[PDB]
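Just below is one structure, and these are the notes that go with it.
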Amino acid sequence: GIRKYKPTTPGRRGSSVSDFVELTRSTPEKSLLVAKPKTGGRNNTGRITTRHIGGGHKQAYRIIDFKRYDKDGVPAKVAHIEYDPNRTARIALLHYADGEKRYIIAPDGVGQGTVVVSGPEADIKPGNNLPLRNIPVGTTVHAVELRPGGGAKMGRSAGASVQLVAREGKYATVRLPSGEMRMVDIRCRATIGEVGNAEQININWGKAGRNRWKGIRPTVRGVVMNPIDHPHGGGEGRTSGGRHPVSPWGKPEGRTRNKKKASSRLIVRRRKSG
Amino acid sequence: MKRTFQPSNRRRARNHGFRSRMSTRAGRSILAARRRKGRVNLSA
RNA sequence: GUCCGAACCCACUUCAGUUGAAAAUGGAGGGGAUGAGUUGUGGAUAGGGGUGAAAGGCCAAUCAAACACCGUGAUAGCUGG
RNA sequence: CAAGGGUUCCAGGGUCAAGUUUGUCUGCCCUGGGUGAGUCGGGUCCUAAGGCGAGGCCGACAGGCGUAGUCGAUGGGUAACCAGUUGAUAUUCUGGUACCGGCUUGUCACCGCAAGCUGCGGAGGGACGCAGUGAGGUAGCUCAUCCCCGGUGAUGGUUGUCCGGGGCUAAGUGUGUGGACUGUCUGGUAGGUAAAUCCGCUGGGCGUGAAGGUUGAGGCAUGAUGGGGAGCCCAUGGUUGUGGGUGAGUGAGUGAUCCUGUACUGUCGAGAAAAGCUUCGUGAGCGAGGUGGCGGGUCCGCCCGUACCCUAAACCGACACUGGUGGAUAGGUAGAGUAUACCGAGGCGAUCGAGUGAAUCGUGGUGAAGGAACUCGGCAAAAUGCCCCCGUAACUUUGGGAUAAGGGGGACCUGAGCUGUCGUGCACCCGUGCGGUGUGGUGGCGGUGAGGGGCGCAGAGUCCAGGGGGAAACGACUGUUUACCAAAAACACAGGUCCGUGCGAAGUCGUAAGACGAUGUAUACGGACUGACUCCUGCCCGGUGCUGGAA
RNA sequence: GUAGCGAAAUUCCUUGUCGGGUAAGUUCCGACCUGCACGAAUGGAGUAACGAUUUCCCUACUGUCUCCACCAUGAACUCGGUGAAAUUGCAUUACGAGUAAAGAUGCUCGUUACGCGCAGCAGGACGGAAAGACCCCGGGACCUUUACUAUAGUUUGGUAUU
Ligand SMILES: CON(C)Cc1ccc(O)c2c1C[C@H]1C[C@H]3[C@H](N(C)C)C(O)=C(C(N)=O)C(=O)[C@@]3(O)C(O)=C1C2=O
Ligand SMILES: [Mg+2]
Ligand SMILES: [Mg+2]
Ligand SMILES: [Mg+2]
Ligand SMILES: [Mg+2]
Ligand SMILES: [Mg+2]
Ligand SMILES: [Mg+2]
Ligand SMILES: [Mg+2]
Ligand SMILES: [Mg+2]
Ligand SMILES: [Mg+2]
Ligand SMILES: [Mg+2]
Ligand SMILES: [Mg+2]
Ligand SMILES: [Mg+2]
Ligand SMILES: [Mg+2]
Ligand SMILES: [Mg+2]
Ligand SMILES: [Mg+2]
Ligand SMILES: [Mg+2]
Ligand SMILES: [Mg+2]
Ligand SMILES: [Mg+2]
Ligand SMILES: [Mg+2]
Ligand SMILES: [Mg+2]
Ligand SMILES: [Mg+2]
Ligand SMILES: [Mg+2]
Ligand SMILES: [Mg+2]
Ligand SMILES: [Mg+2]
Ligand SMILES: [Mg+2]
Ligand SMILES: [Mg+2]
Ligand SMILES: [Mg+2]
Ligand SMILES: [Mg+2]
Ligand SMILES: [Mg+2]
Ligand SMILES: [Mg+2]
Ligand SMILES: [Mg+2]
Ligand SMILES: [Mg+2]
Ligand SMILES: [Mg+2]
Ligand SMILES: [Mg+2]
Ligand SMILES: [Mg+2]
Ligand SMILES: [Mg+2]
Ligand SMILES: [Mg+2]
Ligand SMILES: [Mg+2]
Ligand SMILES: [Mg+2]
Ligand SMILES: [Mg+2]
Ligand SMILES: [Mg+2]
Ligand SMILES: [Mg+2]
Ligand SMILES: [Mg+2]
Ligand SMILES: [Mg+2]
Ligand SMILES: [Mg+2]
Ligand SMILES: [Mg+2]
Ligand SMILES: [Mg+2]
Ligand SMILES: [Mg+2]
Ligand SMILES: [Mg+2]
Ligand SMILES: [Mg+2]
Ligand SMILES: [Mg+2]
Ligand SMILES: [Mg+2]
Ligand SMILES: [Mg+2]
Ligand SMILES: [Mg+2]
Ligand SMILES: [Mg+2]
Ligand SMILES: [Mg+2]
Ligand SMILES: [Mg+2]
Ligand SMILES: [Mg+2]
Ligand SMILES: [Mg+2]
Ligand SMILES: [Mg+2]
Ligand SMILES: [Mg+2]
Ligand SMILES: [Mg+2]
Ligand SMILES: [Mg+2]
Ligand SMILES: [Mg+2]
Ligand SMILES: [Mg+2]
Ligand SMILES: [Mg+2]
Ligand SMILES: [Mg+2]
Ligand SMILES: [Mg+2]
Ligand SMILES: [Mg+2]
Ligand SMILES: [Mg+2]
Ligand SMILES: [Mg+2]
Ligand SMILES: [Mg+2]
Ligand SMILES: [Mg+2]
Ligand SMILES: [Mg+2]
Ligand SMILES: [Mg+2]
Ligand SMILES: [Mg+2]
Ligand SMILES: [Mg+2]
Ligand SMILES: [Mg+2]
Ligand SMILES: [Mg+2]
Ligand SMILES: [Mg+2]
Ligand SMILES: [Mg+2]
Ligand SMILES: [Mg+2]
Ligand SMILES: [Mg+2]
Ligand SMILES: [Mg+2]
Ligand SMILES: [Mg+2]
Ligand SMILES: [Mg+2]
Ligand SMILES: [Mg+2]
Ligand SMILES: [Mg+2]
Ligand SMILES: [Mg+2]
Ligand SMILES: [Mg+2]
Ligand SMILES: [Mg+2]
Ligand SMILES: [Mg+2]
Ligand SMILES: [Mg+2]
Ligand SMILES: [Mg+2]
Ligand SMILES: [Mg+2]
Ligand SMILES: [Mg+2]
Ligand SMILES: [Mg+2]
Ligand SMILES: [Mg+2]
Ligand SMILES: [Mg+2]
Ligand SMILES: [Mg+2]
Ligand SMILES: [Mg+2]
Ligand SMILES: [Mg+2]
Ligand SMILES: [Mg+2]
Ligand SMILES: [Mg+2]
Ligand SMILES: [Mg+2]
Ligand SMILES: [Mg+2]
Ligand SMILES: [Mg+2]
Ligand SMILES: [Mg+2]
Ligand SMILES: [Mg+2]
Ligand SMILES: [Mg+2]
Ligand SMILES: [Mg+2]
């Protein structure tokens with residue numbers, strides 16, 4: 001859930017924080033961590049390619065199993081539910097019944113002690129992983145593979161959810177959390193249930209410092225720049241862009257998806273609109 | 001106040017050292033040009 | 001990213017300096033001082049490029065396009081000789 | 001000390017130059033000399049960021065990137081301390097006492113498809129945040145009628161506790177007090193690149209309700225019959241050191257930034273890597289029936305640095321420049337304090353002077369009466385200032401506003417009782433031979449003190465140390481910015497909305513490969529504008545742009 | 001052009017008008033609307049808290065002032081030592097009224113003035129320092145756009161790969 005902070009100080013006034021009720025362990029599994037040095041948004045050429053990235057608390061990467069099909073038929077106990085700084089979801093530490101320990105995105109509702117499993121003959125329970133041909137139509141899943149064997153790629157963030165709506169032929173139709181209707185191979189795997197920590201979006205950070213140690217550098221809007229720095233720059237006093245809205249590199253606002261690629265597998269566009 | 005030159009032998013050797021100059025073809029041509037001029041110090 | 005306040009970091013006011021002690025400081029006060037803090041070492045990004053909590057700021061004491069060399073004895077209906 | 005400098009260090013000779021003056025002097029000149037490590041700091045070991053990169057992929061050429069690897073400290077790993085000595089060196093030399101790795105040797109014990117060694121990896125371990133409180137200690141400090149070594153005072157007193165000084169010793173080893181850690185015995189086993197008897201995951205039996213075992217803050221013992229430590233000696237030699245003459249080592253108070261301690265508690269923002277190390281096997285070779293273990297002895301232990309300056313006259317600033325320069329140590333009294341005042345350890349008197357009541361400029365000081373009449377403006381200054389106690393408004397997002405405002409007390413003498421701690425001692429549990437425990441002690445030291453009293457103009461008596469209240473505009477806020485005329489109402493900001501993006505994402509760097517985005521997956525990411533919060537955010541799609549459509 | 005707001009960081013006229021504050025208020029705070037030329041995310045109107053921000057007022061307080069005086073100091077000043085600097089066509093370099101490239105130490109007519117120093121003050125030498133930074137003319141640079149001509153990129157179809 002969310003715990004609201006009291007307005008003792010400014011910057012703490014309207015802010016809030018998760019209460020971490022679902023965490024059962026305040027430390028990570030040492031054998032599943034790797035170093036994750038920060039990039040600062042810099043390319044292999046050393047230049048900033050993604051802006052507004054830098055600083056923040058040090059983090060260690062947790063190795064998450066997005067495949068789950070190399071342990072088919074081996075039951076696992078959910079040993080722990082714990083915090084992952086690298087994502088908005090929680091991670092379930094699983095003890096497979098052969099000694100192997102692993103991490104998964106924690107599905108909503110699963111807790112310490114429940115038994116997960118993978119395979120075509122796996123039971124339909126949240127946390128179980130099955131092929132889409134075996135997942136029944138109308139099921140809410142997550143961690144969905146685009147291409148069979150490629151690993152989980154869709155529906156992974158906190159509260160994410162994918163709806164399996166049809167299984168015609170060798171394609172399964174899924175509604176993604178964007179609302180877009182997509183066709184994927186029936187052999188693609190998916191995990192039953194939706195992602196937990198669904199209420200994290202309501203967190204009010206209330207403080208520039210909290211994003212600063214979340215790793216977000218300040219954002220300078222282009223309209224207060226100089227004309228050399230941004231197409232919106234220039235002007236005496238406060239102005240608009242002096243033109244239609246554009247990117248810092250002069251690209252006008254508009255659709256940017258490549259119209260010729262895997263569009264033959266997209267049923268309907270996300271339809272954000274308004 | 002704090003001035004422009006703040007010495008550091010390791011940084012100097014990594015920047016203008018002989019091996020640094022030999023690493024790239026521009027630096028090798030610089031060494032050749034200094035040899036033609038007759039400098040006693042080909043590099044730092 | 002609480003309060004008062006040393007170190008530390010800053011640079012609001014004033015006076016002095018302004019062929020200075022100093023090519024930006026000193027005296028007296030002043031802001032921050034557990035934080036978006038400060039600092040050491042090493043490293044990365046390079047010139048129509050970098051970086052910029054954005055002032056066209058900064059990039060080796062003069063940056064609306066660094067410095068060095070070269071084209072080069074550039075050109076100048078202009079000034080001087 | 002580090003960085004940086006590079007002989008400036010020491011001794012002797014010198015006074016052209018240099019030194020903002022002089023100079024017999026010097027960080028200057030000349031000559032000679034000076035830096036000693038198995039343990040200190042680096043290398044021989046390990047990796048981070050990052051660099052390079054066999055093949056390789058990419059690119060007209062030049063080149064870009066990157067695999068296997070290989071480098072790269074600012075981190076990990078790693079065995080020594082005290083004393084003494086020189087004109088110049090010292091965890092380096094010398095003395096004393098240790099430790100580590102080799103080689104070799106003596107002795108005891110043990111192995112044998114089946115020793116071992118070396119490679120190779122598995123696992124364990126190394127291995128990690130921030131904030132805070134408390135407890136047990138020690139360093140240090142203070143005091144002393146106690147112990148030592150002195151003193152008996154130029155001027156009234158000063159032979160009793162009156163005055164001055166001192167009251168010390170390391171690493172290592174042993175011990176095991178606090179504290180901490182820890183059930184035990186077998187079985188199985190989809191995993192750990194090849195394997196595993198070492199790990200992981202699981203099944204049983206038994207199991208104190210802790211008891212042993214393991215560990216190790218300090219203490220004690222040892223190291224240490226040693227080392228260090230004052231004034232008395234025929235004498236020394238007269239700014240000197242020699243041989244004897246070293247005397248003491250107790251107790252209490254106070255108390256850390258250190259130790260237990262990566263402890264404990266809280267907490268979200270969720271806090272390197274690799275090797276050494278322990279153990280496990282064997283995807284490799286070596287290797288003989290020879291090795292590997294435990295106490296004892298001999299020899300071997302490499303390279304670089306080591307002088308000197310270093311909050312500076314030696315470094316960065318052209319200077320022997322009121323500037324800048326990272327880290328460690330940092331005592332006493334007053335004090336909350338690392339502020340400030342005066343002092344200690346120790347170091348300095350500053351690198352032109354001597355005078356002289358000129359105007360004037362700078363820097364401080366005081367001021368009658370008035371009190372902002374000054375002035376663009378209360379600019380500058382003054383006042384206020386500390387602790388304890390009382391008390392405190394509009395408004396408010398209920399947190400604030402607030403140190404609001406506005407008051408009282410403070411130091412000195414004496415001092416009843418109350419307390420912290422120790423104490424010879426009483427009895428007692430004693431597992432005693434425990435390095436203990438609970439009662440319990442006239443007292444010492446320290447803290448606190450109701451009341452009573454003294455003196456002065458003045459008791460936060462010096463230094464130090466908010467003025468306050470009312471109202472409006474702007475920005476919510478803490479922050480950021482024009483290094484060197486603008487710190488702001490500008491930027492950022494948390495929050496908000498819109499647009500893009502289904503992942504080889506969009507976007508961005510690049511010719512490309514690639515890379516960032518992200519080891520992220522629409523509760524995400526990128527772009528745009530707005531800028532906490534409250535109440536709201538109207539009408540217009542004709543123009544331009546965007547989106548869709550295609551007669 | 002709605003809510004709201006309005007002589008406002010926006011109001012030219014303008015010190016608008018009225019009201020408050022002062023003995024006196026072009027500023028200030030509250031109103032009016034006649035909005036030269038407010039207005040709703042380039043957000044509208046508010047807002048506790050915050051501010052080395054801007055503005056007005058009260059109090060305290062003072063050398064800010066009436067109106068300055070005095071004290072001590074680092075320079076100044078004298079002596080000894082050491083010893084620069086910018087500047088410089090020249091020199092035995094007065095004033096007055098004139099005159100002249102229209103602002104004279106230097107020319108005219110007059111007036112005054114013994115030679116040389118020391119400490120001072122700043123009216124002039126159109127004083128020194130910087131080949132005016134304003135203006136114009138020539139050149140350049142960067143910036144902008146529905147200026148021109150091109151181009152990376154993005155996109156269309158053909159064709160090769162097929
Ligand atoms: C308010 O009107 N007053 C009368 C003017 C003025 C007033 C106060 C100032 O403080 C300055 C100025 C003029 C500007 C001129 C600037 C100019 N530059 C911007 C191109 C220039 O050309 C030089 C220069 N180095 O030649 C400068 O000095 C300059 O940069 C500068 O600093 C200035 C000032 O300081
Ligand atoms: Mg491990
Ligand atoms: Mg590169
Ligand atoms: Mg951004
Ligand atoms: Mg992240
Ligand atoms: Mg601007
Ligand atoms: Mg542009
Ligand atoms: Mg613009
Ligand atoms: Mg405008
Ligand atoms: Mg420099
Ligand atoms: Mg604070
Ligand atoms: Mg400093
Ligand atoms: Mg300033
Ligand atoms: Mg001045
Ligand atoms: Mg503050
Ligand atoms: Mg570099
Ligand atoms: Mg501008
Ligand atoms: Mg510069
Ligand atoms: Mg150019
Ligand atoms: Mg630029
Ligand atoms: Mg030519
Ligand atoms: Mg010419
Ligand atoms: Mg001319
Ligand atoms: Mg040296
Ligand atoms: Mg010499
Ligand atoms: Mg020398
Ligand atoms: Mg010397
Ligand atoms: Mg001399
Ligand atoms: Mg001499
Ligand atoms: Mg000498
Ligand atoms: Mg090696
Ligand atoms: Mg690397
Ligand atoms: Mg090659
Ligand atoms: Mg290696
Ligand atoms: Mg190395
Ligand atoms: Mg010495
Ligand atoms: Mg020694
Ligand atoms: Mg020795
Ligand atoms: Mg390992
Ligand atoms: Mg870790
Ligand atoms: Mg006497
Ligand atoms: Mg004593
Ligand atoms: Mg196995
Ligand atoms: Mg295997
Ligand atoms: Mg204590
Ligand atoms: Mg040495
Ligand atoms: Mg030394
Ligand atoms: Mg020193
Ligand atoms: Mg100095
Ligand atoms: Mg120097
Ligand atoms: Mg005290
Ligand atoms: Mg002090
Ligand atoms: Mg002394
Ligand atoms: Mg000294
Ligand atoms: Mg000097
Ligand atoms: Mg005089
Ligand atoms: Mg005064
Ligand atoms: Mg008096
Ligand atoms: Mg007076
Ligand atoms: Mg008076
Ligand atoms: Mg008064
Ligand atoms: Mg007045
Ligand atoms: Mg007046
Ligand atoms: Mg003032
Ligand atoms: Mg004052
Ligand atoms: Mg209060
Ligand atoms: Mg008060
Ligand atoms: Mg009393
Ligand atoms: Mg008083
Ligand atoms: Mg005080
Ligand atoms: Mg108003
Ligand atoms: Mg106003
Ligand atoms: Mg602000
Ligand atoms: Mg704001
Ligand atoms: Mg601020
Ligand atoms: Mg900054
Ligand atoms: Mg400035
Ligand atoms: Mg945002
Ligand atoms: Mg892309
Ligand atoms: Mg990537
Ligand atoms: Mg804005
Ligand atoms: Mg239309
Ligand atoms: Mg329209
Ligand atoms: Mg269209
Ligand atoms: Mg008016
Ligand atoms: Mg007006
Ligand atoms: Mg009026
Ligand atoms: Mg609107
Ligand atoms: Mg608008
Ligand atoms: Mg507007
Ligand atoms: Mg606004
Ligand atoms: Mg507003
Ligand atoms: Mg307000
Ligand atoms: Mg301010
Ligand atoms: Mg008044
Ligand atoms: Mg004087
Ligand atoms: Mg003289
Ligand atoms: Mg005339
Ligand atoms: Mg005349
Ligand atoms: Mg005349
Ligand atoms: Mg004449
Ligand atoms: Mg004179
Ligand atoms: Mg004079
Ligand atoms: Mg004059
Ligand atoms: Mg002039
Ligand atoms: Mg000119
Ligand atoms: Mg100029
Ligand atoms: Mg000028
Ligand atoms: Mg032009
Ligand atoms: Mg230019
Ligand atoms: Mg085509
Ligand atoms: Mg085609």
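Just remember, in the structure tokens the first chain shown is A, the second B, etc., residues are 1-based per chain, and ligands are 1-based in the order shown.
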Any residue with an atom at most 10 Å from ligand 5 counts, using only C-alpha atoms (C1' of nucleotides) and all ligand atoms. Which are they? Put them as number ranges by chain. A: 38, 53, 56-57, 59, 61, 84-88, 214-216; D: 518, 520
Item to complete: Kindly provide, as number ranges by chain, all nucleotide and amino acid residues lying within 12 Å of ligand 23, counting only C-alpha atoms (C1' of nucleotides) and all ligand atoms.
Response: C: 78-80; E: 131
Residues from the last selection, N, CA, C and O atoms (P, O5', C5', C4', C3', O3' and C1' of nucleotides), saved as a PDB file, in the first residue's frame:
ATOM      1  P     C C  78      39.354  54.166 -50.859  1.00  0.00           P
ATOM      2  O5'   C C  78      39.229  53.830 -49.315  1.00  0.00           O
ATOM      3  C5'   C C  78      38.045  54.132 -48.600  1.00  0.00           C
ATOM      4  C4'   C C  78      38.184  53.753 -47.152  1.00  0.00           C
ATOM      5  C3'   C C  78      39.433  54.264 -46.463  1.00  0.00           C
ATOM      6  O3'   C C  78      39.323  55.608 -46.046  1.00  0.00           O
ATOM      7  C1'   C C  78      39.179  51.976 -45.997  1.00  0.00           C
ATOM      8  P     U C  79      40.512  56.632 -46.360  1.00  0.00           P
ATOM      9  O5'   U C  79      41.505  56.437 -45.138  1.00  0.00           O
ATOM     10  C5'   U C  79      41.083  56.756 -43.826  1.00  0.00           C
ATOM     11  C4'   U C  79      42.059  56.282 -42.783  1.00  0.00           C
ATOM     12  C3'   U C  79      43.521  56.596 -43.014  1.00  0.00           C
ATOM     13  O3'   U C  79      43.858  57.945 -42.774  1.00  0.00           O
ATOM     14  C1'   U C  79      43.313  54.390 -42.239  1.00  0.00           C
ATOM     15  P     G C  80      45.083  58.608 -43.566  1.00  0.00           P
ATOM     16  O5'   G C  80      46.371  57.906 -42.953  1.00  0.00           O
ATOM     17  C5'   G C  80      46.713  58.070 -41.588  1.00  0.00           C
ATOM     18  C4'   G C  80      47.773  57.088 -41.163  1.00  0.00           C
ATOM     19  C3'   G C  80      49.126  57.237 -41.833  1.00  0.00           C
ATOM     20  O3'   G C  80      49.914  58.261 -41.256  1.00  0.00           O
ATOM     21  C1'   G C  80      48.487  54.972 -41.864  1.00  0.00           C
TER      22        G C  80
ATOM     23  P     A E 131      44.124  51.187 -28.318  1.00  0.00           P
ATOM     24  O5'   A E 131      43.239  52.099 -29.274  1.00  0.00           O
ATOM     25  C5'   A E 131      43.756  52.561 -30.515  1.00  0.00           C
ATOM     26  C4'   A E 131      42.801  53.493 -31.216  1.00  0.00           C
ATOM     27  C3'   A E 131      41.556  52.834 -31.803  1.00  0.00           C
ATOM     28  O3'   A E 131      40.489  53.781 -31.800  1.00  0.00           O
ATOM     29  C1'   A E 131      42.801  53.816 -33.534  1.00  0.00           C
TER      30        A E 131
END
| query | Near residue 44 in chain C, counting only C-alpha atoms (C1' of nucleotides), which residues have an atom at most 10 Å away, once you skip same-chain residues fewer than 6 positions from it, shown as a list in words? | reply |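 These residues fall inside the cut-off: residues 42, 44, 45, 46 and 47 of chain A; 49 and 50 of chain D.
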Resulting file, chosen residues, N, CA, C and O atoms (P, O5', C5', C4', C3', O3' and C1' of nucleotides), as a PDB file, in the first residue's frame:
ATOM      1  N   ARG A  42      24.950   8.033 -21.049  1.00  0.00           N
ATOM      2  CA  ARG A  42      26.025   8.195 -22.012  1.00  0.00           C
ATOM      3  C   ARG A  42      26.156   6.962 -22.894  1.00  0.00           C
ATOM      4  O   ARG A  42      25.996   5.828 -22.444  1.00  0.00           O
ATOM      5  N   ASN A  44      28.232   4.482 -25.836  1.00  0.00           N
ATOM      6  CA  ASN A  44      29.576   3.929 -25.904  1.00  0.00           C
ATOM      7  C   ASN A  44      30.553   4.906 -26.536  1.00  0.00           C
ATOM      8  O   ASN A  44      31.766   4.704 -26.439  1.00  0.00           O
ATOM      9  N   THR A  45      30.051   5.949 -27.192  1.00  0.00           N
ATOM     10  CA  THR A  45      30.884   7.038 -27.675  1.00  0.00           C
ATOM     11  C   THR A  45      31.160   8.075 -26.599  1.00  0.00           C
ATOM     12  O   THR A  45      31.911   9.020 -26.850  1.00  0.00           O
ATOM     13  N   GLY A  46      30.567   7.923 -25.420  1.00  0.00           N
ATOM     14  CA  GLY A  46      30.785   8.837 -24.327  1.00  0.00           C
ATOM     15  C   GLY A  46      29.908  10.063 -24.330  1.00  0.00           C
ATOM     16  O   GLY A  46      30.053  10.905 -23.437  1.00  0.00           O
ATOM     17  N   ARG A  47      29.012  10.199 -25.295  1.00  0.00           N
ATOM     18  CA  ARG A  47      28.142  11.359 -25.393  1.00  0.00           C
ATOM     19  C   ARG A  47      26.781  11.046 -24.794  1.00  0.00           C
ATOM     20  O   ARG A  47      26.347   9.895 -24.762  1.00  0.00           O
TER      21      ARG A  47
ATOM     22  P     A D  49      33.804  -1.617 -14.314  1.00  0.00           P
ATOM     23  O5'   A D  49      33.922  -0.054 -14.571  1.00  0.00           O
ATOM     24  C5'   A D  49      32.947   0.840 -14.063  1.00  0.00           C
ATOM     25  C4'   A D  49      33.466   2.253 -14.025  1.00  0.00           C
ATOM     26  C3'   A D  49      34.008   2.803 -15.330  1.00  0.00           C
ATOM     27  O3'   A D  49      32.989   3.255 -16.200  1.00  0.00           O
ATOM     28  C1'   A D  49      35.504   3.311 -13.578  1.00  0.00           C
ATOM     29  P     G D  50      32.862   2.650 -17.679  1.00  0.00           P
ATOM     30  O5'   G D  50      34.230   3.053 -18.380  1.00  0.00           O
ATOM     31  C5'   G D  50      34.561   4.412 -18.605  1.00  0.00           C
ATOM     32  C4'   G D  50      36.053   4.617 -18.642  1.00  0.00           C
ATOM     33  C3'   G D  50      36.784   3.997 -19.818  1.00  0.00           C
ATOM     34  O3'   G D  50      36.696   4.760 -21.004  1.00  0.00           O
ATOM     35  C1'   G D  50      37.913   3.440 -17.842  1.00  0.00           C
TER      36        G D  50
END
Kindly compile the residues surrounding ligand 35 within 9 Å, counting only C-alpha atoms (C1' of nucleotides) and all ligand atoms, and format them as a PDB file with N, CA and C atoms (P, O5', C5', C4', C3', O3' and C1' of nucleotides), in the first residue's frame.
ATOM      1  P     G D  43      50.739  -1.941  -5.928  1.00  0.00           P
ATOM      2  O5'   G D  43      51.994  -2.517  -6.717  1.00  0.00           O
ATOM      3  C5'   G D  43      52.370  -1.964  -7.967  1.00  0.00           C
ATOM      4  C4'   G D  43      53.676  -2.522  -8.470  1.00  0.00           C
ATOM      5  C3'   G D  43      53.780  -4.030  -8.578  1.00  0.00           C
ATOM      6  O3'   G D  43      53.101  -4.573  -9.692  1.00  0.00           O
ATOM      7  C1'   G D  43      55.741  -3.189  -7.599  1.00  0.00           C
ATOM      8  P     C D  45      53.275 -12.014  -9.290  1.00  0.00           P
ATOM      9  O5'   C D  45      52.317 -11.323  -8.221  1.00  0.00           O
ATOM     10  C5'   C D  45      51.129 -10.657  -8.623  1.00  0.00           C
ATOM     11  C4'   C D  45      49.955 -11.060  -7.767  1.00  0.00           C
ATOM     12  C3'   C D  45      48.600 -10.525  -8.189  1.00  0.00           C
ATOM     13  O3'   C D  45      48.022 -11.247  -9.258  1.00  0.00           O
ATOM     14  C1'   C D  45      48.859 -10.239  -5.868  1.00  0.00           C
ATOM     15  P     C D  46      47.096 -10.492 -10.326  1.00  0.00           P
ATOM     16  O5'   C D  46      45.823 -10.048  -9.482  1.00  0.00           O
ATOM     17  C5'   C D  46      44.934 -11.019  -8.959  1.00  0.00           C
ATOM     18  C4'   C D  46      43.779 -10.387  -8.226  1.00  0.00           C
ATOM     19  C3'   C D  46      42.926  -9.417  -9.016  1.00  0.00           C
ATOM     20  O3'   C D  46      42.017 -10.065  -9.885  1.00  0.00           O
ATOM     21  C1'   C D  46      43.359  -8.530  -6.872  1.00  0.00           C
ATOM     22  P     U D  47      42.178  -9.928 -11.474  1.00  0.00           P
ATOM     23  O5'   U D  47      40.705  -9.610 -11.981  1.00  0.00           O
ATOM     24  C5'   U D  47      40.320  -8.292 -12.335  1.00  0.00           C
ATOM     25  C4'   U D  47      39.497  -7.646 -11.251  1.00  0.00           C
ATOM     26  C3'   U D  47      38.890  -6.296 -11.592  1.00  0.00           C
ATOM     27  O3'   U D  47      37.676  -6.413 -12.310  1.00  0.00           O
ATOM     28  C1'   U D  47      39.961  -6.164  -9.498  1.00  0.00           C
ATOM     29  P     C D  71      48.298  -8.232 -17.220  1.00  0.00           P
ATOM     30  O5'   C D  71      48.602  -6.705 -17.529  1.00  0.00           O
ATOM     31  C5'   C D  71      48.319  -5.696 -16.579  1.00  0.00           C
ATOM     32  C4'   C D  71      47.948  -4.408 -17.262  1.00  0.00           C
ATOM     33  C3'   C D  71      47.605  -3.250 -16.348  1.00  0.00           C
ATOM     34  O3'   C D  71      48.767  -2.578 -15.903  1.00  0.00           O
ATOM     35  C1'   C D  71      46.007  -3.413 -18.099  1.00  0.00           C
ATOM     36  P     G D  72      48.926  -2.137 -14.373  1.00  0.00           P
ATOM     37  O5'   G D  72      47.810  -1.026 -14.182  1.00  0.00           O
ATOM     38  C5'   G D  72      47.812   0.155 -14.967  1.00  0.00           C
ATOM     39  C4'   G D  72      46.513   0.896 -14.811  1.00  0.00           C
ATOM     40  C3'   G D  72      46.010   1.013 -13.386  1.00  0.00           C
ATOM     41  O3'   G D  72      46.611   2.087 -12.696  1.00  0.00           O
ATOM     42  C1'   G D  72      44.257   0.268 -14.775  1.00  0.00           C
TER      43        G D  72
END
Hey, what's within 12 Å of residue 67 in chain C if we count only C-alpha atoms (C1' of nucleotides) and toss same-chain stuff fewer than 6 positions away? As a PyMOL selection string, please? chain C and resi 46-47+59-60
Fill in: chain C residues near chain B (9 Å cut-off, only C-alpha atoms (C1' of nucleotides)) as an MDAnalysis selection string
chainID C and resid 22 25 42 60:61
Excluding range 35-42 of chain B and any residue of its chain fewer than 2 positions from it, enumerate the residues within 10 Å of it, using only C-alpha atoms (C1' of nucleotides), and give them as a list in words.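 Neighbouring residues, sequence-local ones excluded: residues 16, 17, 18, 21, 29, 30, 31, 32, 33 and 44 of chain B.
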Write the residues you've just listed into a file as a PDB file, in the first residue's frame, and include C-alpha atoms for each of them.
ATOM      1  CA  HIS B  16      51.238  13.659 -23.446  1.00  0.00           C
ATOM      2  CA  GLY B  17      53.456  10.650 -22.803  1.00  0.00           C
ATOM      3  CA  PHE B  18      55.481   8.852 -25.429  1.00  0.00           C
ATOM      4  CA  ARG B  21      51.639   9.814 -28.715  1.00  0.00           C
ATOM      5  CA  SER B  29      53.284  12.327 -36.958  1.00  0.00           C
ATOM      6  CA  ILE B  30      53.731  14.814 -34.109  1.00  0.00           C
ATOM      7  CA  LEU B  31      56.751  12.848 -32.893  1.00  0.00           C
ATOM      8  CA  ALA B  32      58.100  12.802 -36.450  1.00  0.00           C
ATOM      9  CA  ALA B  33      57.621  16.566 -36.766  1.00  0.00           C
ATOM     10  CA  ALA B  44      56.149  14.650 -21.912  1.00  0.00           C
TER      11      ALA B  44
END
